[PDB]
Amino acid sequence: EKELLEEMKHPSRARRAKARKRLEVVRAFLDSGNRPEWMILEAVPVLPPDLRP
Amino acid sequence: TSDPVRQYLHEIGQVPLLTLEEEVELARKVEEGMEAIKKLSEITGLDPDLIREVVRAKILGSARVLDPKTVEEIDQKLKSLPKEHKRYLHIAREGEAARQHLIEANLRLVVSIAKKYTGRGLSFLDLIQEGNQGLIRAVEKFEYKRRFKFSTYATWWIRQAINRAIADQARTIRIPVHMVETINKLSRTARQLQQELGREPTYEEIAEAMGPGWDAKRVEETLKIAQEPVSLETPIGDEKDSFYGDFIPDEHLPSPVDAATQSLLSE
Amino acid sequence: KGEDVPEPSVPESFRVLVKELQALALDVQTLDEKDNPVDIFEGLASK
Amino acid sequence: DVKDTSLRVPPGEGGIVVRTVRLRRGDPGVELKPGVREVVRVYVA
Amino acid sequence: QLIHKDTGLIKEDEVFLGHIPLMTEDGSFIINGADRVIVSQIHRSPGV
DNA sequence: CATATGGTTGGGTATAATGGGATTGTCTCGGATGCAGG
DNA sequence: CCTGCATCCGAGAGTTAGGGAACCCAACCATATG
Ligand SMILES: [Mg+2]
């Protein structure tokens, strides 16, 4: 997040936009408390049988 | 990028084939490595499976993930034996490497065999993977001393693995292997009696043609148990709006009338 | 019985939706005014 | 030890029963599904 | 007929292949006891 | 609780075999993006 | 280095009704019956 905040001082507009877009995801993860590694599945949940009868 | 069949075919094609000399050498090294590993097990007194596993893990390297503590301790103990014994360990390493190289080089026979089993409830890649398992079995059990080519012994195991996988996994409701064979025999007999009779035979004909111990009721039960389930999402009508499961009522939960009757009865 | 109908509860389709969202590895929770969990399954799915 | 599973006239239908057909297992040319002993059809006008 | 390219022996056999539905006089079919009609299809002609 | 039967499951076959099978008549719109110029 | 400019890919496209392919051999737990 600190690297991206410093990246937001560049005169370029496209680079600044890219830094902002990356920061959206970084800050969402930081505020929500979700860990990024949870986006990779290790245990697959299994739906109850009565909903897949 | 996509189409994993192309990727797998390219990856197998990146390994060159083998000549008679290379094949015989690899078989000799695997056999002497197995003999050497059993000799090490006898010398050290440990279980042969465990020393096989530690030798294989040390060969495969850190890249491939019993924990590292036991493998290191037993390896170092194994690297402590006096001379005329550690030579066996070296032969075991070379034999394990030979086994890997042999499987890697003969993977293409698995694809060649498995390409003729499509359309039977298993995808192409699944058939190849089960053929690979059968190839591993054949490699492990192969005996070169008989001077026969490896593919002759490998084909039988590959076919056995593919057939067993088809019998085990092709059906939503699993039917045992002997019962699956019974169903296949029933189908073959009925097909031959259909061709011969110029019409679909009745159940008595099939029962007579199977042999003693078969009556029409048993044939009917066998065909009933051979029925596969249909999808609840089968589209009904041309428009994409009606599914089969939309026409099936729930018979488990009590209806409002039934619940009211029970409550009034309790009252 | 001649009385008026009582107040309704959570429909079963919302429970089905919650279960199908859990199968996609998404944690859906219903909360009260103080952000505490509210169990809409009556306790039948809690170990 | 048995219950009613009879065929009844649905709401809004009815009339005069004009024809009855019964097909049983083993009858020449009859091909029932496995497990189904017999089928009965009623034509009402 | 089964013809061996080498020997030259011939094995002639008549084999039953199944059933083909028959069109009635009015132009329909009886499939599973129900009357059915095959609808003609309009499509792009092959060519250049 | 004690077996005895069928049903179930694991193991085996030795001439030689060595890279698969389909693809097709919509239309617009908005964002992501690699390529060209200055 | 910036910018614009085709280029690619993905997501949309009204409601209600009615409709429907080997075979064999031997050991081993499970269940049935007394
Ligand atoms: Mg509809």
# chains A, B, ... in the order shown; residues from 1 in each chain; ligands from 1
>>> residues_near_ligand(ligand="ligand 1", cutoff="8 Å", atoms="only C-alpha atoms (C1' of nucleotides) and all ligand atoms", output="number ranges by chain")
B: 239, 241-242; G: 16-17
>>> residues_around(residues="stretch 27-44 of chain A", least_positions_apart="4", cutoff="9 Å", atoms="only C-alpha atoms (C1' of nucleotides)", output="PDB file with N, CA and C atoms, in the first residue's frame")
ATOM      1  N   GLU A   1       0.831  -1.196   0.000  1.00  0.00           N
ATOM      2  CA  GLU A   1       0.000   0.000   0.000  1.00  0.00           C
ATOM      3  C   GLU A   1       0.868   1.249   0.000  1.00  0.00           C
ATOM      4  N   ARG A  22      -5.022  -0.837  -8.405  1.00  0.00           N
ATOM      5  CA  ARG A  22      -4.405  -1.839  -7.541  1.00  0.00           C
ATOM      6  C   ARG A  22      -4.683  -1.525  -6.070  1.00  0.00           C
ATOM      7  N   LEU A  23      -4.642  -0.238  -5.714  1.00  0.00           N
ATOM      8  CA  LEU A  23      -4.889   0.174  -4.339  1.00  0.00           C
ATOM      9  C   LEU A  23      -6.314  -0.129  -3.907  1.00  0.00           C
TER      10      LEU A  23
ATOM     11  N   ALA C  23     -21.574 -23.028  -0.784  1.00  0.00           N
ATOM     12  CA  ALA C  23     -20.903 -24.008  -1.630  1.00  0.00           C
ATOM     13  C   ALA C  23     -19.869 -23.367  -2.546  1.00  0.00           C
ATOM     14  N   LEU C  24     -19.983 -22.065  -2.806  1.00  0.00           N
ATOM     15  CA  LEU C  24     -18.986 -21.316  -3.556  1.00  0.00           C
ATOM     16  C   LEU C  24     -17.928 -20.687  -2.657  1.00  0.00           C
ATOM     17  N   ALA C  25     -17.811 -21.158  -1.412  1.00  0.00           N
ATOM     18  CA  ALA C  25     -16.800 -20.683  -0.466  1.00  0.00           C
ATOM     19  C   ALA C  25     -17.002 -19.208  -0.127  1.00  0.00           C
TER      20      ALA C  25
END
>>> interface_residues(of="chain A", to="chain B", cutoff="12 Å", atoms="only C-alpha atoms", output="list in words")
residues 50, 51, 52 and 53 of chain A
>>> select_by_dssp(residues="chain A", states="helix (DSSP H, G or I)", output="PyMOL selection string")
chain A and resi 2-7+13-32+36-39+49-51
>>> write_last_selection(atoms="C-alpha atoms", output="tab-separated table (two decimals), in the first residue's frame")
chain	number	residue	atom	x	y	z
A	2	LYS	CA	2.85	2.39	0.78
A	3	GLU	CA	4.53	1.61	-2.54
A	4	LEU	CA	1.27	2.34	-4.36
A	5	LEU	CA	0.73	5.61	-2.45
A	6	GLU	CA	4.17	6.81	-3.54
A	7	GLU	CA	3.36	5.55	-7.04
A	13	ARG	CA	-2.04	9.65	-15.70
A	14	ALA	CA	-2.24	6.02	-16.89
A	15	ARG	CA	0.34	4.90	-14.33
A	16	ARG	CA	-1.53	6.81	-11.60
A	17	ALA	CA	-4.78	5.10	-12.66
A	18	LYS	CA	-3.12	1.69	-12.49
A	19	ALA	CA	-1.79	2.42	-9.00
A	20	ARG	CA	-5.24	3.55	-7.87
A	21	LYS	CA	-6.90	0.44	-9.29
A	22	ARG	CA	-4.41	-1.84	-7.54
A	23	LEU	CA	-4.89	0.17	-4.34
A	24	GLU	CA	-8.65	-0.42	-4.48
A	25	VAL	CA	-8.11	-4.16	-4.08
A	26	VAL	CA	-5.31	-3.76	-1.53
A	27	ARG	CA	-7.36	-1.45	0.69
A	28	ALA	CA	-10.48	-3.59	0.36
A	29	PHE	CA	-8.50	-6.59	1.61
A	30	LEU	CA	-6.91	-4.56	4.42
A	31	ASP	CA	-10.21	-3.10	5.66
A	32	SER	CA	-12.33	-6.24	5.31
A	36	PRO	CA	-5.61	-12.98	0.14
A	37	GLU	CA	-4.49	-16.62	0.40
A	38	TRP	CA	-8.15	-17.53	1.00
A	39	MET	CA	-8.80	-16.98	-2.72
A	49	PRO	CA	-27.86	-33.54	-0.57
A	50	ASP	CA	-31.47	-32.34	-0.40
A	51	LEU	CA	-30.53	-29.41	-2.65
>>> residues_around(residues="residue F:19", least_positions_apart="5", cutoff="9 Å", atoms="only C-alpha atoms (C1' of nucleotides)", output="PDB file with C-alpha atoms, in the first residue's frame")
ATOM      1  CA  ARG B   6      -2.719 -30.840 -27.042  1.00  0.00           C
ATOM      2  CA  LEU B   9       0.512 -34.699 -26.206  1.00  0.00           C
ATOM      3  CA  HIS B  10       3.226 -32.067 -26.634  1.00  0.00           C
ATOM      4  CA  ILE B  12       4.844 -36.565 -23.964  1.00  0.00           C
ATOM      5  CA  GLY B  13       6.287 -35.846 -27.420  1.00  0.00           C
ATOM      6  CA  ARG B 108       2.947 -42.827 -25.422  1.00  0.00           C
ATOM      7  CA  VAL B 111      -2.256 -42.884 -25.086  1.00  0.00           C
ATOM      8  CA  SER B 112      -2.209 -45.158 -28.139  1.00  0.00           C
TER       9      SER B 112
END
>>> interface_residues(of="chain C", to="chain A", cutoff="12 Å", atoms="only C-alpha atoms", output="PyMOL selection string")
chain C and resi 12-13+15-27+45
>>> write_last_selection(atoms="C-alpha atoms", output="PDB file, in the first residue's frame")
ATOM      1  CA  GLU C  12     -36.994 -21.389   2.308  1.00  0.00           C
ATOM      2  CA  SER C  13     -35.623 -19.970  -0.950  1.00  0.00           C
ATOM      3  CA  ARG C  15     -32.033 -20.579   2.983  1.00  0.00           C
ATOM      4  CA  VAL C  16     -31.382 -22.363  -0.319  1.00  0.00           C
ATOM      5  CA  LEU C  17     -29.593 -19.236  -1.566  1.00  0.00           C
ATOM      6  CA  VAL C  18     -27.421 -19.105   1.563  1.00  0.00           C
ATOM      7  CA  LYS C  19     -26.525 -22.786   1.206  1.00  0.00           C
ATOM      8  CA  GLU C  20     -25.658 -22.367  -2.481  1.00  0.00           C
ATOM      9  CA  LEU C  21     -23.516 -19.319  -1.686  1.00  0.00           C
ATOM     10  CA  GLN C  22     -21.652 -21.313   0.963  1.00  0.00           C
ATOM     11  CA  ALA C  23     -20.903 -24.008  -1.630  1.00  0.00           C
ATOM     12  CA  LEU C  24     -18.986 -21.316  -3.556  1.00  0.00           C
ATOM     13  CA  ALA C  25     -16.800 -20.683  -0.466  1.00  0.00           C
ATOM     14  CA  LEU C  26     -18.625 -17.463   0.458  1.00  0.00           C
ATOM     15  CA  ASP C  27     -19.536 -16.740   4.092  1.00  0.00           C
ATOM     16  CA  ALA C  45     -26.666 -26.539  10.930  1.00  0.00           C
TER      17      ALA C  45
END
>>> residues_around(residues="stretch 9-12 of chain G", least_positions_apart="3", cutoff="12 Å", atoms="only C-alpha atoms (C1' of nucleotides)", output="PDB file with N, CA and C atoms (P, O5', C5', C4', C3', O3' and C1' of nucleotides), in the first residue's frame")
ATOM      1  P    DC F  27     -25.989  -8.831 -37.376  1.00  0.00           P
ATOM      2  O5'  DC F  27     -26.951  -7.637 -36.897  1.00  0.00           O
ATOM      3  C5'  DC F  27     -27.743  -7.847 -35.711  1.00  0.00           C
ATOM      4  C4'  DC F  27     -27.188  -7.041 -34.561  1.00  0.00           C
ATOM      5  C3'  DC F  27     -25.821  -6.401 -34.805  1.00  0.00           C
ATOM      6  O3'  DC F  27     -25.981  -5.035 -35.186  1.00  0.00           O
ATOM      7  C1'  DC F  27     -26.013  -7.350 -32.588  1.00  0.00           C
ATOM      8  P    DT F  28     -24.766  -3.977 -35.139  1.00  0.00           P
ATOM      9  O5'  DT F  28     -24.816  -3.464 -33.618  1.00  0.00           O
ATOM     10  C5'  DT F  28     -26.065  -3.129 -33.003  1.00  0.00           C
ATOM     11  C4'  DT F  28     -25.905  -2.949 -31.499  1.00  0.00           C
ATOM     12  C3'  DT F  28     -24.891  -1.870 -31.103  1.00  0.00           C
ATOM     13  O3'  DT F  28     -25.464  -0.972 -30.155  1.00  0.00           O
ATOM     14  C1'  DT F  28     -24.454  -3.871 -29.934  1.00  0.00           C
ATOM     15  P    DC F  29     -24.760   0.442 -29.867  1.00  0.00           P
ATOM     16  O5'  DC F  29     -24.045   0.247 -28.450  1.00  0.00           O
ATOM     17  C5'  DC F  29     -24.728  -0.419 -27.396  1.00  0.00           C
ATOM     18  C4'  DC F  29     -23.786  -0.704 -26.241  1.00  0.00           C
ATOM     19  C3'  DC F  29     -22.624   0.282 -26.079  1.00  0.00           C
ATOM     20  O3'  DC F  29     -22.519   0.677 -24.709  1.00  0.00           O
ATOM     21  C1'  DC F  29     -21.811  -1.932 -26.144  1.00  0.00           C
ATOM     22  P    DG F  30     -21.779   2.043 -24.297  1.00  0.00           P
ATOM     23  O5'  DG F  30     -20.880   1.609 -23.058  1.00  0.00           O
ATOM     24  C5'  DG F  30     -21.228   0.453 -22.320  1.00  0.00           C
ATOM     25  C4'  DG F  30     -20.013  -0.115 -21.623  1.00  0.00           C
ATOM     26  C3'  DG F  30     -18.819   0.832 -21.536  1.00  0.00           C
ATOM     27  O3'  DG F  30     -18.147   0.634 -20.306  1.00  0.00           O
ATOM     28  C1'  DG F  30     -18.205  -1.105 -22.721  1.00  0.00           C
ATOM     29  P    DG F  31     -17.087   1.713 -19.764  1.00  0.00           P
ATOM     30  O5'  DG F  31     -15.842   0.808 -19.344  1.00  0.00           O
ATOM     31  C5'  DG F  31     -16.056  -0.322 -18.511  1.00  0.00           C
ATOM     32  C4'  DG F  31     -14.957  -1.355 -18.684  1.00  0.00           C
ATOM     33  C3'  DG F  31     -13.530  -0.824 -18.560  1.00  0.00           C
ATOM     34  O3'  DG F  31     -12.733  -1.801 -17.903  1.00  0.00           O
ATOM     35  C1'  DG F  31     -13.802  -1.833 -20.663  1.00  0.00           C
ATOM     36  P    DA F  32     -11.294  -1.427 -17.297  1.00  0.00           P
ATOM     37  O5'  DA F  32     -10.360  -2.622 -17.803  1.00  0.00           O
ATOM     38  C5'  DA F  32     -10.830  -3.503 -18.818  1.00  0.00           C
ATOM     39  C4'  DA F  32      -9.761  -4.506 -19.203  1.00  0.00           C
ATOM     40  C3'  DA F  32      -8.346  -4.078 -18.888  1.00  0.00           C
ATOM     41  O3'  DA F  32      -7.490  -5.217 -18.909  1.00  0.00           O
ATOM     42  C1'  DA F  32      -8.800  -3.804 -21.204  1.00  0.00           C
ATOM     43  P    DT F  33      -5.894  -5.051 -18.805  1.00  0.00           P
ATOM     44  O5'  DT F  33      -5.404  -4.928 -20.326  1.00  0.00           O
ATOM     45  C5'  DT F  33      -5.824  -5.887 -21.295  1.00  0.00           C
ATOM     46  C4'  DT F  33      -5.181  -5.617 -22.648  1.00  0.00           C
ATOM     47  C3'  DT F  33      -3.794  -4.961 -22.594  1.00  0.00           C
ATOM     48  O3'  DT F  33      -2.925  -5.608 -23.510  1.00  0.00           O
ATOM     49  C1'  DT F  33      -5.177  -3.778 -24.056  1.00  0.00           C
TER      50       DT F  33
END
>>> residues_around(residues="stretch 17-23 of chain B", least_positions_apart="2", cutoff="6 Å", atoms="only C-alpha atoms (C1' of nucleotides)", output="ChimeraX atom specification")
/B:25-26,105
>>> closest_residue(among="D:32, D:40, D:2, D:45", to="residue D:20", atoms="only C-alpha atoms")
D:40
>>> decode(residues="stretch 33-57 of chain B", atoms="N, CA, C and O atoms", output="compact mmCIF listing (two decimals), in the first residue's frame")
# COMPACT_ATOMS: atom_id res chain seq x y z
N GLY B 33 18.34 -52.66 -8.84
CA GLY B 33 18.05 -51.72 -7.78
C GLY B 33 17.06 -52.27 -6.76
O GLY B 33 17.20 -52.03 -5.56
N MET B 34 16.05 -53.00 -7.23
CA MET B 34 15.14 -53.67 -6.29
C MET B 34 15.87 -54.72 -5.46
O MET B 34 15.68 -54.81 -4.24
N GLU B 35 16.74 -55.50 -6.10
CA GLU B 35 17.54 -56.47 -5.35
C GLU B 35 18.44 -55.78 -4.34
O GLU B 35 18.55 -56.21 -3.18
N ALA B 36 19.07 -54.68 -4.75
CA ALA B 36 19.95 -53.94 -3.85
C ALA B 36 19.18 -53.34 -2.69
O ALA B 36 19.67 -53.34 -1.55
N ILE B 37 17.97 -52.83 -2.93
CA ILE B 37 17.20 -52.24 -1.84
C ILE B 37 16.79 -53.32 -0.84
O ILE B 37 16.81 -53.09 0.37
N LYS B 38 16.41 -54.51 -1.33
CA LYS B 38 16.08 -55.55 -0.35
C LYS B 38 17.33 -55.98 0.40
O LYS B 38 17.26 -56.32 1.59
N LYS B 39 18.50 -55.92 -0.25
CA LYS B 39 19.74 -56.24 0.45
C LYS B 39 20.04 -55.20 1.54
O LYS B 39 20.48 -55.56 2.64
N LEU B 40 19.81 -53.92 1.24
CA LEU B 40 20.00 -52.88 2.25
C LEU B 40 19.05 -53.11 3.41
O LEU B 40 19.44 -52.97 4.58
N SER B 41 17.79 -53.40 3.11
CA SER B 41 16.81 -53.63 4.16
C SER B 41 17.25 -54.78 5.06
O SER B 41 17.13 -54.70 6.29
N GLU B 42 17.75 -55.86 4.45
CA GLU B 42 18.24 -56.98 5.25
C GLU B 42 19.43 -56.56 6.11
O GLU B 42 19.53 -56.97 7.27
N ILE B 43 20.35 -55.76 5.55
CA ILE B 43 21.54 -55.38 6.31
C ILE B 43 21.16 -54.50 7.49
O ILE B 43 21.59 -54.74 8.63
N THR B 44 20.34 -53.48 7.25
CA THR B 44 19.97 -52.51 8.28
C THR B 44 18.85 -53.02 9.18
O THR B 44 18.72 -52.55 10.31
N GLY B 45 18.04 -53.96 8.69
CA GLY B 45 16.95 -54.50 9.47
C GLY B 45 15.68 -53.69 9.45
O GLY B 45 14.74 -54.03 10.18
N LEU B 46 15.60 -52.64 8.63
CA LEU B 46 14.40 -51.82 8.58
C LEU B 46 13.40 -52.38 7.57
O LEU B 46 13.66 -53.34 6.85
N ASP B 47 12.23 -51.75 7.52
CA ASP B 47 11.19 -52.16 6.58
C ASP B 47 11.56 -51.77 5.16
O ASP B 47 11.97 -50.62 4.92
N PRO B 48 11.44 -52.68 4.18
CA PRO B 48 11.83 -52.33 2.80
C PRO B 48 11.01 -51.19 2.21
O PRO B 48 11.54 -50.41 1.41
N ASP B 49 9.72 -51.09 2.55
CA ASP B 49 8.90 -50.03 1.99
C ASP B 49 9.43 -48.66 2.40
O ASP B 49 9.45 -47.72 1.59
N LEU B 50 9.84 -48.53 3.66
CA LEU B 50 10.32 -47.25 4.16
C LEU B 50 11.63 -46.83 3.48
O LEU B 50 11.81 -45.65 3.15
N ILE B 51 12.55 -47.77 3.28
CA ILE B 51 13.79 -47.41 2.60
C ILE B 51 13.53 -47.12 1.13
O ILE B 51 14.17 -46.23 0.54
N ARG B 52 12.59 -47.83 0.51
CA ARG B 52 12.17 -47.49 -0.84
C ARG B 52 11.63 -46.06 -0.90
O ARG B 52 11.98 -45.29 -1.79
N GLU B 53 10.79 -45.70 0.07
CA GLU B 53 10.21 -44.36 0.08
C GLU B 53 11.26 -43.29 0.30
O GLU B 53 11.22 -42.24 -0.35
N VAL B 54 12.23 -43.53 1.19
CA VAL B 54 13.25 -42.51 1.44
C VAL B 54 14.19 -42.39 0.25
O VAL B 54 14.60 -41.27 -0.12
N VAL B 55 14.56 -43.51 -0.39
CA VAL B 55 15.39 -43.43 -1.58
C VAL B 55 14.67 -42.67 -2.68
O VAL B 55 15.26 -41.80 -3.34
N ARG B 56 13.38 -42.96 -2.89
CA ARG B 56 12.62 -42.27 -3.92
C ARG B 56 12.49 -40.78 -3.62
O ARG B 56 12.59 -39.95 -4.52
N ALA B 57 12.26 -40.43 -2.35
CA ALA B 57 12.14 -39.03 -1.97
C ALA B 57 13.45 -38.28 -2.17
O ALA B 57 13.46 -37.14 -2.65
